[PDB]
Amino acid sequence: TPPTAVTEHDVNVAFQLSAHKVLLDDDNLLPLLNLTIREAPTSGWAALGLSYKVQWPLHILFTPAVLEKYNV
Amino acid sequence: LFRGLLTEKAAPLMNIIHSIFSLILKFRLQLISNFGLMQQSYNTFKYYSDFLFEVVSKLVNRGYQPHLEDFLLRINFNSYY
Amino acid sequence: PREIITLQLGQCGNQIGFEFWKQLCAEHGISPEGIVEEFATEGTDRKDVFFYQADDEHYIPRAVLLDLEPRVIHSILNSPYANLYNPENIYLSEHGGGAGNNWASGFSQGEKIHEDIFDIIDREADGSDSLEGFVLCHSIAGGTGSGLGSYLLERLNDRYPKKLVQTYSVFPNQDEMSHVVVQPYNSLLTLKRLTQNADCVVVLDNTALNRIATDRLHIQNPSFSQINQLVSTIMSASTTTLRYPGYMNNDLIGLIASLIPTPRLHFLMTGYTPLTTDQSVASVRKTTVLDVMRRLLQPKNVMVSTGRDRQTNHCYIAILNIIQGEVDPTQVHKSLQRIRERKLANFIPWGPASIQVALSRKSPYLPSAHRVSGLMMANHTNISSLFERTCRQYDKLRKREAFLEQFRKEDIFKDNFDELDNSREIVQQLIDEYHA
Amino acid sequence: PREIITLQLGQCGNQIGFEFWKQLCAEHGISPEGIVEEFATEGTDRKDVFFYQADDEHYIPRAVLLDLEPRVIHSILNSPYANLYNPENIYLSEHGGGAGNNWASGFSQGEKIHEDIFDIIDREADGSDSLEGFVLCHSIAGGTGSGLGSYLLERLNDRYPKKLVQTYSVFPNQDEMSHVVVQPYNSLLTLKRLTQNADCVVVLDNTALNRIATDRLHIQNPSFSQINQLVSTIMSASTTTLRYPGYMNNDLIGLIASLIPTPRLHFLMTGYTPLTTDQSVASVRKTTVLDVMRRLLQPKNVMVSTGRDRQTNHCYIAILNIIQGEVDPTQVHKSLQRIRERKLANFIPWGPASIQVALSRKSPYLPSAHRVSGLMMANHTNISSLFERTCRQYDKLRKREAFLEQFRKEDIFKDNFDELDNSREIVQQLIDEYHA
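Residue numbers (my numbering), protein chains in the order written: chain A, 706 to 777; chain B, 8 to 88; chain C, 0 to 435; chain D, 0 to 435.
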C-alpha cells in the first residue's frame, strides 16, 4: 500500500506483534519505541523509518539532525 | 475521567449506551411478566452493537483513548467469524 | 448481606469442606478462634460473610454436615477443629441410616427427615441479614452423598425460588468400579437434576485430578486419595469476589450469571494455575503475568475429562479469567492485548464470545499474594465428551447385569432407566445444535 | 520461532542425534530443569530454535525417535538427560519395533503407523510461529532408517511442500557383506527419493569418518564411538546464523539458496577444524585468521572420502566457510585477498564462482568462544565418485544372484531396479555438466 495515514496505525501494531512473538530481548523496550511509516512512492517499502526517544542531556550527542543521517 | 470513558460528552457512543438502556427495560419487563416482542428487543440491540462497530473504526486514529485498544480485541473477534 | 449455607453432604463432601474451612484460617493467618495477627481485619475487609462476628471468642462456620455413615463426621471430631465447629449446632455427631451405597436409600431418607432437614439450614440462618443462597457441597460418589443431596436440588428452588443453587459434584474414581459399582446409576440420576432442577453446576472429574498431581505437584504414587486436596484449593479460589470485595460482579451471582448461555449448558471447566513448582524458584525476581493466561486458553489445568481434538472442534463461548491478589495490576490488560495476535482464544464460528478479565485482592498468603494467580472458570462446548463417558459406562453395566434389580431393593419398583437415557441424549445433542 | 523438528530414524541415525541434544545443553549452560547460567539468554539470543517455547521455563527437544531396533534407543532413556526427554510427545518408554533390518519392513510399517508418524510432529508444532522445516537424521546403514526414512522423504514433499528438507545421509563402512549385505539395495531406494523428492542432502561417508577417528582423536583400533562426536558437533555447528542472529542469509533457506546451484547438484560436503585438542593452543594469544580458510581452500579434514588428485579434474562452484567465535575479525578481508593466488580450489570456467565467508557469535562456552573454527559446507563436483562407488557395489551383488527374488517377497513385486540405475546416471551427468 502506498503511504497513507491509516497505514501508519497498521505498521505500528504490525511491529508490535512481530517483535513480540520473537521475543524482543527486553520486554519493556517494546512499547517505548516503534517503527513509523506523508507523501507516497508507490510502496511502503523503503519509505519507513524509526521513532525512538532520548534522555537528558544525551541529546547533544544525538541531536535531531544526525538521526536523519542514519535513517536515510 | 479521561480514563473513565469521557466520550467528549458528544459522540454516538453516548447514543448507544442511552439506546441499549431503552431495550433493557423491555428485557426486564417481558421476563418478569409476547415472544415476537422478545426477539425485536434484541434485534434493536443487534442494530445498536453493529452501529458500535462502525464507530470504533472511526475512532481508530493511531492511538486515541485506552478503550480503543480493548475495542479492537472485540473487532478481531468479529473477524474470527 | 450475602450469607451462604454450605450443605456439605456425603463421604467426600464433608472432607472437601473440612479442608475448605481449614484453608481460611491459614490464609488469613490467624487462630481459628483467636486473633494473633492484624491481617484478619486488614486483609479480609468483610471478616464475616461465611462466618459470624465474635461474641464468645470463637469463629462460627455456616455449615451443615449430614451423611448416612456416622464415621466421616467423627473423623472431624478426632481432628482438633472442635473450636472452629460445634458438634450440636454445626454437625449431628453420629447420624446414621442406610449401609449405605444405594442412591435410593438417601433419596427416601430426605423425605422422612423432611421436617428436620429444612430446620437446620433455616436454623443455620437466624441472625442472617439476608440470604444469597445455598451451595450444595455434596458428593456424587457413593449413593449416600448423592442420594439425599439430589432431593435438595429441587426443594431449595421452590421453597426459596429466588435463592442460588450450584453444586460441587465430585465423581468416584472412573479407573475403578470396585470402589462403588452403582456408579453409572447414581451419576446419571443426579445429571437429570443438573440440567432442569439446578441453575449452574461444577462437575469435577477425578482422573484429571490425578493427571495433574503427578505433573504439576509431581508425586510419585498416583492414587485415589488426592481427591480432596486439589478441590479444596479451587473452592477457596472461587470466592475471592465475596470474602474480599469486587468492583463489577461484586457478587458471586455475577460471575456465575454470565457463564450460563442456556439451560443445560453451564458446566464450567475449572482451572487454577499456582500448582506449578517451577514458578517458585523465580518468585524472588517476581514471575510474569504475560504467559499465565496462555494456560487458561490452552490446556494445562483442566479437571474436566475432555479430549485433545475437542479444544478445536468446540470453542470457548464464555470465558472468565479471574486474576487474584498480587499480580502486577497495570499490565494485565497488556497481556490480554497479545492474545488476539496469536489466536490462543477460541470463539464460536457464528456470533459473540467474550474474554472477561476482572481482579480482586486477598489477605497476606504468599502463593497468591506474592505470585501471579490465574483461576479459569471456563464455559466450553466440549463437555459432551464426559457425558458420552458416563452414558457408555452406564449401558455397559446393563449387558453385565447389575442394578436392574439390585437398585429396586428399596424405593424404585417402576421402570425409568431408559427415561434417564433419553433425556441425556437430548442434552448432548442440543449443545452441538446451538452452534454452527 | 524458526523451529526445526529432527527426525531420527535408523540404527546409526539415533546414536548421532543423541549427543547432538547433549551438545546444546552443555553450551547453553542450562540444567535439564531451569536456568543456572545467565549466558543462556545473553549468549543465545534465540534459545528456542530446536527446543519447546517455554511457558514455565522448560525446554523440550523437538525430537521423534521411531526405529525397528530397540537396542539403540534404550541407551537414550538411561541418560541424565532422559529427563530433558519426556516419553509422551517424543517416544514410548521401552518402545517396540518391526523385523527390522529390511527396507520392506520399515516401508510398510511406515503406512500402518501412518497416524502417529504425522501426529507427533503436530504435537511438536502447536506453539510453533511457523515451522522452518524438517531435518531427516536418517541412516543409509541397514533397512531400518532406510525403509522408514524413504517413507518420510515422500510425504514431507507433498503434505509439507513449502517446508525445508535436508538430510544427514550417513553411510556405514561399505565393505561390510556379513552383518549387512542388503546395503546397496536399501541405499538406492532412499537415494532415488533424495534427489527428486528432496532438495538438499548433507552427505557423510564412514571411511573418511575413521580417517579422522585415527588422526584427530587417535585410536589404535577403530570404534564406532569416536564416530558419533564428529556428527553431533557438525549438527549444532550449521546453526550459528540461526540460533544466534545473522544479518544476511540469516535464514537457513538463505544459506542453502546460495549453496544449491539447482537441484541435480546439492550434495554438500562437511568439514570441521576443531575436533582435535591442538586447536586450543592456537587461541591462547590468537593465531592469525588468514590461515583458517586456506586449509579449506584444499580440504584435509573432510568427512567425505575423495582423492586430492580429483580437485584438478573438478571445479568447485559454491563453497561456504563459516567461522565461529572469537577469531579477532579485522584481517578477514585480508584472508580473501590471498585465495585467488594459490588456486587449490578450481573455479568453474563457464562463469564466476563464490568464495563465501561468514562469522558468527556463539555463547562464551570454551569450545565456541576460544578455539579458531572453520566449518566447511562445500559443494564440489568430485562427488560423482561416491555414486559410482554404491552403483559398483550393486551390480556386483546382482551377478551373485542376490536380491533378485529375496527382496521381492515383501512389497516389491514389480521392476524398479533399473530405475535406480538410470536415475543415478542422470544425477551423475548433471553434477559433472556444471563445470563442463
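Think of the CB as a built atom: it goes at the ideal place given N, C-alpha and C, for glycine as much as any other residue.
When the Cα atoms are used, C/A207 and D/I15 turn out to be separated by approximately 38 angstroms. Per DSSP, the continuous alpha helix (DSSP H) segment holding C/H332 begins and ends at 331-334.
The beta carbon of D/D54 falls within 7 angstroms of a beta carbon belonging to chain C, placing the residue at that interface.
According to the DSSP assignment, C/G373 belongs to the beta strand (DSSP E) that extends over 372-379. Proximity of chain C to D/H57 at the Cβ level (cut-off 8 angstroms) is accounted for by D277, in chain order. In terms of Cα proximity to B/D57, the closest of B/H25, B/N85, B/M21 is B/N85. Straight across, the Cα-Cα distance linking C/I316 with C/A352 is about 5 angstroms.
Any Cβ of chain A closer than 7 angstroms to the Cβ of C/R284 would place that residue at the interface, and such an atom is absent. A Cβ-Cβ contact shorter than 7 angstroms links D/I72 with D/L64. Residue pairing by DSSP places D/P69 in no beta bridge whatsoever.
Interface with chain A (7 angstroms Cβ-Cβ cutoff): B/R10 is excluded. In the pairwise beta carbon analysis, the stretch 404-415 of chain C is classified as not touching the stretch 328-345 of chain C: fewer than three pairs are separated by under 8 angstroms. Take D/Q427, set aside five residues on each side of it, and the residues of its chain with a beta-carbon closer than 6 angstroms to its own are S383, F386, in chain order.
Under the 10 Å beta carbon count, C/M247 is surrounded by fewer than 16 other beta carbons and is classified as exposed.
Secondary structure of D/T5 (DSSP, three-state): strand.
By the CB criterion at 7 angstroms, D/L147 and D/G105 fall inside the cutoff. When C-beta atoms of the stretch 254-273 of chain C are compared with those of the stretch 362-381 of chain C, three or more pairs fall below 8 angstroms, so the two segments count as touching. Cβ proximity to chain C below 9 angstroms picks out nothing from the stretch 34-52 of chain B.
When C-beta distances to chain A are compared with 9 angstroms, every residue of the stretch 226-258 of chain D stays at or above that value.
With a minimum length of 4 residues, the unbroken runs of alpha helix (DSSP H) contained wholly in the stretch 62-146 of chain D fall at 69-72, 102-107, 113-116. DSSP places C/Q22 in the helix class (H, G or I) of the three-state scheme. For B/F84, a Cβ of chain C is located within less than 7 angstroms of the residue's own Cβ. With 16 or more neighbouring CB atoms inside 10 Å of its own CB, C/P60 falls in the buried class. The residue among C/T240, C/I211, C/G132 with its C-alpha nearest the C-alpha of C/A197 is C/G132. One alpha carbon belongs to D/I255, the other to D/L23, and they sit about 23 angstroms apart. Around B/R69, the beta-carbon contacts reaching into chain A at under 7 angstroms are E713, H714, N717.
A straight-line Cα-Cα distance of about 16 angstroms links C/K21 and C/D47. Note: D/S384 is not bridge-paired with any residue in the DSSP secondary-structure output. Remark: C-beta atoms of C/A103 and C/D410 approach each other more closely than 7 angstroms.
Sorting C/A140, C/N381, C/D417, C/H379 by C-alpha distance to the C-alpha of C/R397 places C/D417 at the top.
Pairwise C-beta distances place the stretch 280-295 of chain C out of contact with the stretch 28-35 of chain C, as fewer than three of them are shorter than 8 angstroms. For C/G270, there is no enclosing alpha helix (DSSP H); the enclosing beta strand (DSSP E) covers residues 269-271.
Around C/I218, the same chain offers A212, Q225 as residues with beta carbons nearer than 8 angstroms, after the five sequence neighbours per side are excluded. Going by DSSP, A/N739 is part of the beta strand (DSSP E) stretching over 738-741. Judged by their CB atoms, C/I233 and C/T269 are nearer to each other than the 7 angstroms cut-off. Cβ-Cβ distances below 6 angstroms link D/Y393 to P183 in the same chain, with the five nearest sequence neighbours on each side left out; the list follows chain order.
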